[PDB]
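See below for the structure under consideration.
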Amino acid sequence: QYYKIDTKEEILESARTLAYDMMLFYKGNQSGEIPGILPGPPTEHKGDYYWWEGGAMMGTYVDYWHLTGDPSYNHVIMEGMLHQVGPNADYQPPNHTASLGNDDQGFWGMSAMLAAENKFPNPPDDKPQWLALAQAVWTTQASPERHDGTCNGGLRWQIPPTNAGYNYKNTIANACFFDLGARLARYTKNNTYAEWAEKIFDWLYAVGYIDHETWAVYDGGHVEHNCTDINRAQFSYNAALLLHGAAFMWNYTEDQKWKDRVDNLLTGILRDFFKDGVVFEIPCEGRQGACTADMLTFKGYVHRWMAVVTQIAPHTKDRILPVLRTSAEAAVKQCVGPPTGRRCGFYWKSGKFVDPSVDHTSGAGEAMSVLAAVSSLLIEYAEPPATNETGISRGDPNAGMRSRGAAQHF
Ligand SMILES: N[C@@H]1[C@@H](O)[C@H](O)[C@@H](CO)O[C@@H]1O
Ligand SMILES: [Ca+2]
């Protein structure tokens with residue numbers, strides 16, 4: 001094993017080296033390149049990664065600085081986050097229409113929310129501010145044309161009606177909107193965010209994407225079948241994102257129903273995704289060559305989000321932190337690949353380095369996931385998410401409501 005994680009100082013050093021190796025994949029700060037994205041999209045043969053994964057990377061580094069205190073990458077990350085906001089400061093840049101799912105937009109909004117929660121340095125005065133960006137994403141996702149009567153509600157996966165997948169109402173789109181609403185409620189103390197979060201969670205439960213008996217979290221269903229053709233694939237990030245949002249709602253409302261939802265979601269996650277203490281991507285990890293670029297990132301989000309759950313729902317700490325520790329130990333045990341002696345693969349439970357080429361990418365998602373897992377080992381030393389009581393960001397009462405906003409020509 002190359003990385004050591006047995007003391008705070010060892011974790012900090014390992015996380016710093018992991019942050020370096022992940023950054024080697026990113027070219028957006030170099031002359032002639034585009035800030036905020038990893039190489040891609042594969043549809044243009046420019047690289048392996050889609051736009052939303054750039055947004056996920058930005059958030060991973062906002063968390064990295066929050067957890068470690070290392071500001072080395074903060075200027076690169078600020079540049080990337082600001083470059084992708086679009087003309088209406090809503091993370092809907094029209095050049096990226098083909099990638100404009102509600103989840104894709106949502107992940108950028110969640111990175112902006114995280115920047116506000118973590119007191120990440122503010123953009124210049126003339127540029128969109130982190131809270132305002134999160135508010136704009138949430139507001140566009142609450143817009144009436146995104147909430148029709150099919151399946152009695154819920155967001156569709158895609159924003160443009162002509163995008164493939166507009167007929168799929170999936171968990172992740174709804175989970176992103178839920179999570180944003182719960183987090184905006186806690187930060188701003190505005191109850192309208194919370195009422196929408198409640199509504200969307202209740203929809204996910206009613207439609208049966210949350211299993212009423214086991215609290216497994218399925219993938220979605222199609223409008224032409226009234227959402228009854230449930231795709232029962234269980235992706236780790238769907239259950240973990242609902243757990244995260246539910247924890248924010250528990251912290252904000254102190255309503256026992258939310259504590260029960262946290263506990264039930266958590267029981268399900270530990271049962272389904274943790275194998276002998278190691279996170280495992282059950283729909284694809286069971287054999288090599290099946291996980292897509294998107295799926296290689298999910299276990300990193302699981303780690304970072306579950307770590308935050310322990311701060312805002314502290315009764316969960318003893319159930320979560322020991323399991324994240326064993327999962328991160330497995331992550332680092334397999335970061336031993338050539339040519340560096342520290343290259344990271346994905347198959348943590350297996351105990352062995354597998355070249356990311358088996359899953360047809362250069363390995364950025366695997367690197368991101370190990371960075372997230374190791375950094376989040378420092379959660380016990382970190383401040384909890386800030387609210388507007390101590391945060392430094394600024395909001396916008398008209399976020400998402402500009403006259404040139406895309407909803408005005410839907
Ligand atoms: N429109 C979809 C996005 O929502 C999705 O995230 C990417 C990656 O799967 O493929 C397409 O671009
Ligand atoms: Ca490829």
Side-chain angles (χ1 to χ4, degrees), residues 102-103 106 151-157 168-179 182 197-223 225-250 256-287 290-292 294-310 313 315-316 319-320 323-324 326-327 348-349 369:
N102 279 297
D103 56 328
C151 310
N152 304 329
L155 290 175
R156 298 168 182 266
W157 180 20
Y168 192 48
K169 287 190 164 182
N170 65 175
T171 300
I172 188 65
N174 287 281
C176 289
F177 179 55
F178 166 65
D179 188 66
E198 297 258 9
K199 179 183 217 294
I200 296 290
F201 192 95
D202 285 347
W203 181 83
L204 282 168
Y205 193 77
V207 72
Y209 302 170
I210 304 168
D211 190 296
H212 292 197
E213 173 186 336
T214 70
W215 294 80
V217 180
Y218 306 127
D219 196 67
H222 294 90
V223 301
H225 303 300
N226 295 331
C227 297
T228 66
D229 62 322
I230 296 172
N231 177 353
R232 292 188 169 72
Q234 293 178 62
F235 294 101
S236 67
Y237 80 146
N238 273 329
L241 191 49
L242 296 183
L243 174 65
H244 189 256
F248 278 88
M249 291 299 285
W250 163 237
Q256 183 67 31
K257 78 177 184 193
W258 286 111
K259 195 182 181 182
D260 291 343
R261 292 164 185 188
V262 164
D263 292 344
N264 286 330
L265 285 162
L266 179 53
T267 295
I269 289 160
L270 293 170
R271 175 192 68 220
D272 293 333
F273 295 106
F274 286 84
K275 296 196 182 293
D276 196 53
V278 184
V279 68
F280 190 94
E281 197 59 54
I282 56 189
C284 64
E285 189 171 340
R287 57 178 171 85
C291 297
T292 66
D294 289 359
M295 297 169 195
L296 297 166
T297 73
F298 297 166
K299 61 179 55 165
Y301 311 146
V302 173
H303 271 260
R304 286 165 38 220
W305 291 341
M306 288 182 73
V308 168
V309 168
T310 72
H315 79 280
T316 66
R319 295 181 76 189
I320 292 176
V323 180
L324 297 186
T326 50
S327 184
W348 304 353
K349 178 60 180 63
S369 290

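The figures here come from the full heavy-atom set of this structure, side chains too, leaving out hydrogens, waters and symmetry mates. Numbers here simply count residues along the sequence, with the first being 1.
A side-chain donor-acceptor contact under 3.5 Å links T267 and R319. Side-chain contact, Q256 with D260: a donor N or O sits under 3.5 Å from an acceptor N or O. The closest side-chain donor-acceptor pair between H315 and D263 falls under 3.5 angstrom. Using a 3.5 Å distance cut-off with no hydrogens or angles, the side chains of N174 and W203 do not pair a donor with an acceptor.
Taking 4.5 Å as the limit, every side-chain heavy atom of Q234 sits out of range of all side-chain heavy atoms of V217. Two residues are said to be in side-chain contact when any heavy atoms from C-beta on lie closer than 4.5 Å; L324 and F274 meet this criterion. Contact of the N231 side chain with the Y168 side chain is registered, since non-hydrogen atoms from C-beta on lie closer than 4.5 Å.
The two residues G245 and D179 have their closest heavy-atom pair at N-OD1, 3.2 Å. When all heavy atoms are compared, the tightest approach of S369 to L296 is OG-O, 3.1 Å. When all heavy atoms of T326 and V278 are compared, the pair lying nearest together is O-CG2, 4.1 Å. Nearest heavy atom pair, residue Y237 against residue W305, reads O-CZ3, 3.6 Å. Between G208 and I230, the shortest heavy-atom contact is O-CD1, 3.6 Å. What you find for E285 and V279 is that their closest heavy atoms are OE1-O, 4.3 Å.
Atom CZ of residue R271 and atom CG of residue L266 lie 11.0 Å apart, to the nearest 0.5 angstrom. The line from OG of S327 to CD1 of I320 is 12.5 Å long, rounded to the nearest 0.5 Å. Between the CG atom in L265 and the OG1 atom in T316 there is a gap of 12.0 Å [rounded to 0.5 Å]. Atom CD1 of residue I200 and atom CZ of residue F177 lie 5.0 Å apart, to the nearest 0.5 angstrom. Rounding to the nearest 0.5 Å places CG of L204 at 6.0 Å from CG of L242. Between the CD1 atom in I210 and the OG1 atom in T171 there is a gap of 7.5 Å [rounded to 0.5 Å].
Taking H303 as the reference, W348 meet the ring-ring contact (aromatic ring centres under 6.0 Å, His included) condition, with sequence neighbours excluded. With sequence neighbours excluded, the residues satisfying side-chain contact (heavy atoms from CB on, under 4.5 Å) with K199 are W196.
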- Message: Could you walk me through whether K169 and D219 satisfy the salt bridge (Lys or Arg N to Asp or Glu O under 4.0 Å) test, starting with their C-alpha distance in whole Å, then the side-chain angles of each, then the deciding distance to 0.1 Å, before giving a yes or no?
- Response: CA-CA 9 Å; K169 287 190 164 182; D219 196 67; over 6 Å; no
- Message: Checking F280 against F273 for the ring pair (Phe, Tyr, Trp, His ring centres under 6.0 Å) test, could you report, in this order, the C-alpha distance in whole Å, the side-chain angles of both residues, the deciding distance, and whether it holds?
- Response: CA-CA 5 Å; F280 190 94; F273 295 106; 9.4 Å; no
- Query: Can you list the steps and then say if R261 with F201 is a side chain to side chain contact (heavy atoms under 4.5 Å, CB included)?
  - Reply: CA-CA 10 Å; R261 292 164 185 188; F201 192 95; 3.6 Å; yes
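Checking side-chain atoms of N102 against main-chain N and O of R156 turns up a donor-acceptor pair under 3.5 Å. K257 places no side-chain N or O within 3.5 Å of a backbone atom of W250 that could act as its donor or acceptor partner. When atom types are taken as modelled, the side chain of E281 and the backbone of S236 share a donor-acceptor pair closer than 3.5 angstrom. The closest donor-acceptor contact from the side chain of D211 to the backbone of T214 lies under 3.5 Å.
Ring pair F298/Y301 is tilted by interplanar angle, where 30° to 60° counts as tilted.
In this structure, the ring of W215 has its center less than 6.0 angstrom from the ring center of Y205. Here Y209 and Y218 keep their ring centres 6.0 angstrom or further from each other.
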